[PDB]
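Have a look at the structure below, then the notes.
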Amino acid sequence: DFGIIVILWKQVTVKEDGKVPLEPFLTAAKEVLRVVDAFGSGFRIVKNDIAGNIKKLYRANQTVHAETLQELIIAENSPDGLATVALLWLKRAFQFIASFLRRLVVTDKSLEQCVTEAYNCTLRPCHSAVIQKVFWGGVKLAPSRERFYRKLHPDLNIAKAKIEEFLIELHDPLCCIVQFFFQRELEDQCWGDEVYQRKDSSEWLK
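Numbering follows the entry's author numbering, with no gaps: position 30 of the sequence shown is 40.
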(Lines of atoms letter the chains of each structure in order from A and count residues from 1; the text may use other names and numbers.)
(Lines give C-alpha, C1' and ligand atoms only; values in the text may rest on other atoms or scores of the structure.)
Protein backbone atom coordinates (compact mmCIF):
# COMPACT_ATOMS: atom_id res chain seq x y z
CA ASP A 1 0.00 0.00 0.00
CA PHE A 2 2.75 2.40 -1.02
CA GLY A 3 0.11 4.98 -1.99
CA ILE A 4 -0.46 5.72 1.70
CA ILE A 5 2.69 7.91 1.55
CA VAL A 6 0.78 10.43 -0.64
CA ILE A 7 -2.08 10.80 1.81
CA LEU A 8 0.15 11.22 4.89
CA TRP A 9 2.29 13.93 3.35
CA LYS A 10 -0.92 15.77 2.26
CA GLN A 11 -1.74 15.84 5.96
CA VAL A 12 1.48 17.84 6.39
CA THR A 13 -0.43 20.98 5.56
CA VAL A 14 1.52 24.19 5.20
CA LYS A 15 -1.04 26.96 5.14
CA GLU A 16 -0.40 30.66 4.75
CA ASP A 17 1.56 30.88 7.99
CA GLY A 18 4.33 28.68 6.54
CA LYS A 19 4.41 26.29 9.52
CA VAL A 20 4.72 22.50 9.25
CA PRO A 21 2.51 20.25 11.46
CA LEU A 22 4.82 18.14 13.69
CA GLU A 23 2.81 14.95 13.97
CA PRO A 24 1.51 14.77 10.43
CA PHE A 25 5.05 15.47 9.15
CA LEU A 26 6.61 12.71 11.32
CA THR A 27 4.06 9.99 10.56
CA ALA A 28 4.57 10.75 6.87
CA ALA A 29 8.39 10.90 7.36
CA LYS A 30 8.32 7.34 8.63
CA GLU A 31 6.64 6.14 5.41
CA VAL A 32 9.55 7.52 3.33
CA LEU A 33 11.57 4.53 4.65
CA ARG A 34 9.56 2.61 2.02
CA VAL A 35 12.05 4.18 -0.39
CA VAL A 36 15.24 2.96 1.29
CA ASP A 37 13.57 -0.44 1.64
CA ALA A 38 13.08 -0.66 -2.14
CA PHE A 39 16.70 0.49 -2.72
CA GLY A 40 18.10 -2.23 -0.42
CA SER A 41 21.04 -2.42 2.03
CA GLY A 42 23.34 -0.12 -0.03
CA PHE A 43 21.14 2.75 1.31
CA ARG A 44 21.92 1.89 4.94
CA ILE A 45 23.38 5.34 5.59
CA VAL A 46 20.15 6.98 4.40
CA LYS A 47 17.83 4.49 6.09
CA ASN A 48 19.51 4.54 9.53
CA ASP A 49 20.09 8.30 9.21
CA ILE A 50 16.42 9.14 8.63
CA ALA A 51 15.30 6.71 11.33
CA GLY A 52 17.57 8.09 14.03
CA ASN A 53 16.09 11.37 13.01
CA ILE A 54 12.43 10.61 13.07
CA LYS A 55 13.08 9.06 16.57
CA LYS A 56 15.26 11.95 17.86
CA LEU A 57 12.63 14.49 16.79
CA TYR A 58 9.99 12.63 18.90
CA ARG A 59 12.50 12.36 21.79
CA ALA A 60 13.41 16.12 21.63
CA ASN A 61 9.72 17.20 21.53
CA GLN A 62 8.30 16.79 25.02
CA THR A 63 8.08 19.51 27.58
CA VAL A 64 8.12 21.85 24.56
CA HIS A 65 5.12 20.09 22.99
CA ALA A 66 5.59 22.16 19.84
CA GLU A 67 2.72 21.70 17.43
CA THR A 68 4.72 22.45 14.23
CA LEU A 69 8.35 21.98 13.15
CA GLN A 70 8.95 25.76 13.23
CA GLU A 71 7.92 26.21 16.85
CA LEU A 72 10.06 23.27 17.97
CA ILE A 73 13.19 24.66 16.41
CA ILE A 74 12.53 28.11 17.87
CA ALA A 75 12.32 26.65 21.41
CA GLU A 76 15.82 25.22 21.11
CA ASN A 77 17.20 28.36 19.50
CA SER A 78 20.56 26.72 18.89
CA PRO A 79 22.33 25.21 15.88
CA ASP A 80 23.56 22.35 18.14
CA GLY A 81 20.16 21.60 19.67
CA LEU A 82 19.22 17.91 19.47
CA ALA A 83 16.06 18.45 17.44
CA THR A 84 17.55 21.20 15.20
CA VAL A 85 20.71 19.27 14.08
CA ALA A 86 18.33 16.31 13.55
CA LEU A 87 15.86 18.15 11.37
CA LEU A 88 18.73 19.74 9.30
CA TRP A 89 19.85 16.19 8.37
CA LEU A 90 16.30 14.79 7.89
CA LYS A 91 15.41 17.65 5.46
CA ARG A 92 18.77 17.11 3.58
CA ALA A 93 17.67 13.48 3.20
CA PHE A 94 14.37 14.26 1.68
CA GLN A 95 15.91 16.85 -0.68
CA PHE A 96 18.26 13.93 -1.73
CA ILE A 97 15.38 11.38 -1.93
CA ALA A 98 13.31 14.00 -3.75
CA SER A 99 16.19 15.00 -6.08
CA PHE A 100 16.70 11.14 -6.71
CA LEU A 101 13.12 9.90 -7.30
CA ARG A 102 12.49 12.83 -9.73
CA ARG A 103 15.52 12.03 -11.82
CA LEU A 104 13.95 8.59 -12.01
CA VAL A 105 10.38 9.43 -12.86
CA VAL A 106 10.86 12.17 -15.45
CA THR A 107 14.34 11.85 -17.10
CA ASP A 108 15.49 8.62 -18.83
CA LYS A 109 18.82 8.47 -17.05
CA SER A 110 19.87 5.25 -15.39
CA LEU A 111 19.22 4.69 -11.67
CA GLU A 112 22.91 4.88 -11.13
CA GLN A 113 23.50 8.39 -12.55
CA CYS A 114 20.35 9.09 -10.65
CA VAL A 115 21.71 8.26 -7.21
CA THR A 116 24.94 10.10 -8.21
CA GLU A 117 23.51 13.49 -9.25
CA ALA A 118 21.06 13.31 -6.34
CA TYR A 119 23.82 12.61 -3.85
CA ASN A 120 26.12 15.11 -5.55
CA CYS A 121 23.65 17.99 -5.08
CA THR A 122 22.61 17.17 -1.49
CA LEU A 123 24.42 15.01 1.04
CA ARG A 124 27.82 14.51 -0.65
CA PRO A 125 29.33 17.76 0.64
CA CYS A 126 27.98 16.89 4.10
CA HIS A 127 29.94 13.59 4.25
CA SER A 128 33.58 13.16 5.14
CA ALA A 129 35.64 11.48 2.48
CA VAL A 130 35.47 8.15 4.29
CA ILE A 131 31.69 8.23 4.56
CA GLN A 132 31.35 9.27 0.88
CA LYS A 133 33.19 6.04 0.06
CA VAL A 134 30.65 4.04 2.13
CA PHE A 135 27.83 5.65 0.11
CA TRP A 136 29.47 4.93 -3.23
CA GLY A 137 30.07 1.39 -1.93
CA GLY A 138 26.31 1.21 -1.30
CA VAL A 139 25.41 2.51 -4.77
CA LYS A 140 27.25 -0.51 -6.12
CA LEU A 141 24.30 -2.51 -4.68
CA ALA A 142 21.62 -0.47 -6.47
CA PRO A 143 18.68 -2.01 -8.39
CA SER A 144 17.89 -0.82 -11.94
CA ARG A 145 15.03 1.72 -12.39
CA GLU A 146 12.55 -1.15 -13.05
CA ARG A 147 13.44 -3.34 -10.08
CA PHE A 148 13.32 -0.19 -7.95
CA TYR A 149 9.80 0.54 -9.15
CA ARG A 150 8.56 -3.00 -8.57
CA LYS A 151 9.83 -3.19 -4.99
CA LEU A 152 7.63 -0.14 -4.18
CA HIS A 153 4.40 -1.59 -5.62
CA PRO A 154 3.90 -4.81 -7.70
CA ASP A 155 2.51 -2.85 -10.64
CA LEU A 156 5.17 -0.57 -12.18
CA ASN A 157 2.66 2.00 -13.52
CA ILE A 158 1.17 2.49 -10.04
CA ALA A 159 4.51 2.61 -8.19
CA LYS A 160 5.60 5.31 -10.68
CA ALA A 161 2.23 7.14 -10.49
CA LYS A 162 2.41 7.04 -6.69
CA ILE A 163 6.03 8.36 -6.31
CA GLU A 164 4.87 11.31 -8.50
CA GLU A 165 1.96 12.19 -6.24
CA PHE A 166 4.28 11.72 -3.23
CA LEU A 167 6.85 14.23 -4.55
CA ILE A 168 4.02 16.74 -5.11
CA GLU A 169 2.92 16.45 -1.47
CA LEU A 170 6.40 16.35 0.11
CA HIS A 171 7.22 19.58 -1.65
CA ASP A 172 6.00 22.49 0.44
CA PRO A 173 6.60 21.05 3.85
CA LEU A 174 10.15 20.05 2.90
CA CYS A 175 10.77 23.41 1.05
CA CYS A 176 9.34 25.30 4.02
CA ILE A 177 11.95 23.64 6.21
CA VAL A 178 14.71 24.18 3.61
CA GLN A 179 14.01 27.95 3.43
CA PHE A 180 13.50 28.05 7.22
CA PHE A 181 16.90 26.48 8.22
CA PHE A 182 18.51 29.26 6.05
CA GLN A 183 16.50 31.97 7.89
CA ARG A 184 18.10 30.48 10.99
CA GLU A 185 21.50 30.20 9.18
CA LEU A 186 21.77 26.46 9.83
CA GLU A 187 22.39 25.17 6.27
CA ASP A 188 25.88 25.83 4.85
CA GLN A 189 26.55 22.81 2.62
CA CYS A 190 23.45 21.16 1.25
CA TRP A 191 21.77 23.11 -1.51
CA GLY A 192 19.75 20.25 -3.00
CA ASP A 193 17.92 20.02 -6.28
CA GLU A 194 17.32 23.53 -7.53
CA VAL A 195 14.58 22.44 -9.99
CA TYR A 196 12.48 20.42 -7.58
CA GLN A 197 12.94 23.22 -5.05
CA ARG A 198 11.47 25.92 -7.28
CA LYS A 199 8.25 27.36 -5.78
CA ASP A 200 5.69 25.40 -7.89
CA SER A 201 5.02 21.81 -6.63
CA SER A 202 4.26 20.19 -10.01
CA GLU A 203 6.50 22.29 -12.31
CA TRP A 204 9.42 19.89 -12.07
CA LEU A 205 7.40 17.29 -14.01
CA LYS A 206 7.48 19.15 -17.35
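Even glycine gets a Cβ: it sits at the ideal position worked out from N, Cα and C.
With contacts defined by Cβ atoms closer than 8 Å, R102 and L79 do not form a contacting pair. Residue state for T78 is assigned as strand, using DSSP reduced to three classes. Beta-bridge annotation (DSSP): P153 is not paired with any residue. Rounded to the nearest angstrom, the Cβ distance from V42 to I15 is 7 Å, consistent with a contact under 8 Å. Here DSSP, grouped into helix, strand and coil, assigns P183 to helix.
Between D59 and the set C186, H181, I17 and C136, the nearest pair of CA atoms involves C136.
Excluding five sequence positions before and after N71, the CB atoms of its chain that fall closer than 8 Å to its own CB belong to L32, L82 and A93, given in chain order.
Nearest in C-alpha terms to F12, of all of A171, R194 and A128, is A171.
The shortest CA-to-CA distance from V74 to any of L100, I107 and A85 is the one to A85.
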